[PDB]
Structure formats: structure tokens, C-alpha cells
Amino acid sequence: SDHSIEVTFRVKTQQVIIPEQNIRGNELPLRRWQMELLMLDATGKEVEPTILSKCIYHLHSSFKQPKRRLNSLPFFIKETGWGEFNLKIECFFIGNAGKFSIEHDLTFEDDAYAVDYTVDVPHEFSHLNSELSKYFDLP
């Protein structure tokens, strides 16, 4: 939109098999995994996503309180499980300027990986703009 700009958000994921586990050969290892949502500034650099007021990790429903609300930075979550799954990361702009959803795949193929997502961020509203203008040139 000519009333929005493109902003890249980054999901940084980590996971490791928990050491010292008593598991048989046909049984799944438990892993400590973690995810954090960052923002890319105009240079390509990781910065705090200060244009978001709230972030929700919609975990797989086998977890309990699977709707994990994060009302403040940092938008970090860590957890223990055995399974890979796709999750909604529901992100809310500051200034009540709207929301978007990132569909992120939690996978255990690497020790750490990052995935980038492009979003249309509105640049018409004043309160969101004062924060956006710290990272991007707005029309």
C-alpha cells in the first residue's frame, strides 16, 4: 500500500536435545527450544521491534496455556517438547494501528536458524509513526 511501508521481521529459533535423558532408542528426545521476534531496520540490522505493543505465540494445543501472550519486549519464548509444528505469531502494532500474523515453522533440523517475514506497516497514524521514523524514512 502507498499508505504503508514494508518492514522485515525476523524469527530467531534455537533448539537442543536436553542432556542426560533416559530414553530408549525408539523414543523421542525432549528438546529445549526458544523463539524470539526481532525487527530489521533500514540497513538490514536486527533491532528491537519497538513498533509492536503485543505479541502472541499460538503454540500447539498439546502445550498448556498454548496462547502465550507477551505484553512487552522482549518477545522471547522458551519451552520443552518433542515435536515440530507450525504456529501463529500474532503481532499487534503500537498505537492500536492493527495487527498481522506470522506463520512460523518450528523445526529441529539445525541448532539455530532465522526466518524473515515481510509485513505492510501503516505509516498514516501519528503514534506508530514517531516510532517507525526512528528506523525508516516515511513519506
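Numbers for residues come from their place in the sequence shown, where the first is 1.
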## Note on the structure
Comparing mean C-alpha B factor in the record for 25-33 and 76-84, the higher one is 25-33
### Query
Between 41-49 and 55-63, which has the higher average C-alpha B-factor in the PDB entry?
41-49
### Message
When the deposited Cα B-factors of this chain's modelled residues are ordered and cut into thirds, is residue 89 in the lowest, the middle or the highest one?
### Response
lowest
### Query
When the modelled residues of the chain are sorted by Cα temperature factor, does residue 97 land in the lowest, middle or highest third?
highest
### Query
If you rank every modelled residue in this chain by C-alpha B factor, which third holds residue 11: lowest, middle or highest?
lowest
